[PDB]
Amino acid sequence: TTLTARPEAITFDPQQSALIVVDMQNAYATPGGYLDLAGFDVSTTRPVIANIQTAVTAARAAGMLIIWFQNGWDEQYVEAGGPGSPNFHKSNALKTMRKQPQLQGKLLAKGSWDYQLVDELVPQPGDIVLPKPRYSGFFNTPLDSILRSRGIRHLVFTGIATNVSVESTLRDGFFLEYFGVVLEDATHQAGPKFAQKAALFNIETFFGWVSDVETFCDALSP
């Protein structure tokens, strides 16, 4: 497959590539979820959800491995790190529950509504569903092992947030010698609109490739 992309077209074999859907959980995409409660704007994620469902259909039909990440922790937040971890101090979900004790134990908590994948996106048998405890899917997980075990070198990224969990995973992939592509219209940022722009700029200029869902699906059809 040759995929039209910025800053130039790339090539990849779908059967040695994966589509990663980053954190399409109510926490990151749905009114009333963690990001909304923490002051971020999730009001425009409807199209991102639809575009991801379209990209998953195409990717799976082409034999690409589908990997779903769910970000979060046990409901006691042992896995988030206590005060000795910077994550305890940086986590906007932990900050929100420290200010709003009614929410304690609900944000990003395994088994909870916040942690659930959005209703529209349902993994199928044979897909990989990976929990992760930090923004990058390549730290503290078997992601690299899973991919290496299948000879996969090309990663197509979708999900939320473009500038945090998506970009962190793509950047770490580059340092692990993976070729990373992001489908811009299947992502959404956490922060002002410049965070989306800057994330795609950093990726295109230094780390990987940018394309979009329509291009991706058309390239996969043969």
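Throughout, we count residues from 1 along the sequence that is shown.
- Stretches compared: 161 to 169, 186 to 194. Higher mean C-alpha B-factor in the entry: 186 to 194.
- Averaged over Cα atoms, the B-factor as recorded in the entry is higher for 38 to 46 than for the other of 177 to 185 and 38 to 46.
- Between the residues 71, 85, 104, 145, it is 104 that shows the highest Cα B-factor in the PDB record.
- In the PDB entry, residue 100 places in the highest third of its chain by CA B-factor.
- When all modelled residues of the chain are sorted by CA temperature factor, residue 130 is found within the highest third.
- Ranked within its chain, residue 118 lands in the highest third, by CA B factor from the PDB record.
- In the deposited entry, the Cα temperature factor of residue 55 sits in the middle third of values across the chain's modelled residues.
- Remark: residue 141 belongs to the middle third of its chain, ranked by C-alpha B-factor as recorded.
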